[PDB]
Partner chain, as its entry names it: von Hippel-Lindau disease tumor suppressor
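What follows is a single chain, given as C-alpha cells, in the form deposited without its partner chain.
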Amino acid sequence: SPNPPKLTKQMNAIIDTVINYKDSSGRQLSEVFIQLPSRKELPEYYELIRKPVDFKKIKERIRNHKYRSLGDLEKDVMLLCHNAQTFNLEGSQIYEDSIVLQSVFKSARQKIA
C-alpha cells in the first residue's frame, strides 16, 4: 500500500532541513555531499567505500517511495555520514561537517515526528 501522506511529508521536510542547513559561518554544509566524486577522478573512493551514497541518491529513494519508515531514511543518511568519516581524515572540514549533518538530521526528525 502507498506510504501514508504524513510519512511522505515528514521525509521531504527532514531532508530539506539537512540539505538547506547553514552553520554560524553561513556555509551550506551539504554542498560537497550532494553528488559523489567521479569514479574516473577518485577511484580510491570506490576502492575504500563499499556502499557509496550521496544526497542525490537519498532524494531518489524518497521520490520513488523506497523508504517505508523514518528509520529507513535515517539508515541511509547515517551511512552517507559514516562514509565521509571513513574516507576523510578525522578533524578535516568534510569529516566534521558530516558529524554536524548527523546532528541536524536527528534534530529535524524530533521536530516533525
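Residue numbers count along the first chain shown, from 1. Between two forms, the rigid core is the largest collection of C-alphas that superpose within 1.5 Å.
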Quick note, superposing on core in 9 other deposited structures of this protein and taking C-alpha RMS, the more shifted stretch of 6-14 and 92-100 is 6-14
Comparing 20-28 with 99-107, where is the mean C-alpha B-factor higher?
-> 20-28
If you average the CA temperature factors over each stretch, which comes out higher, 33-41 or 81-89?
-> 33-41
For the listed residues 72, 54, 47, 60, which one has the largest C-alpha B-factor as given in the deposited model?
-> 47
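The same protein also has a form deposited with its partner chain bound, omitted here; what follows describes it.
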Closest heavy atom of residue 72 to its partner chain in the deposited complex, within 4.5 Å or not?
-> no
Looking at the partner-bound form in the deposited complex, is residue 93 within 4.5 Å of its partner chain by any heavy atom?
-> yes
Spell out, yes or no, whether the shortest heavy atom distance between residue 27 and its partner chain in the deposited complex is within 4.5 Å.
-> yes
State yes or no: in the deposited complex, is some non-hydrogen atom of residue 23 no more than 4.5 angstroms from a non-hydrogen atom of its partner chain?
-> yes
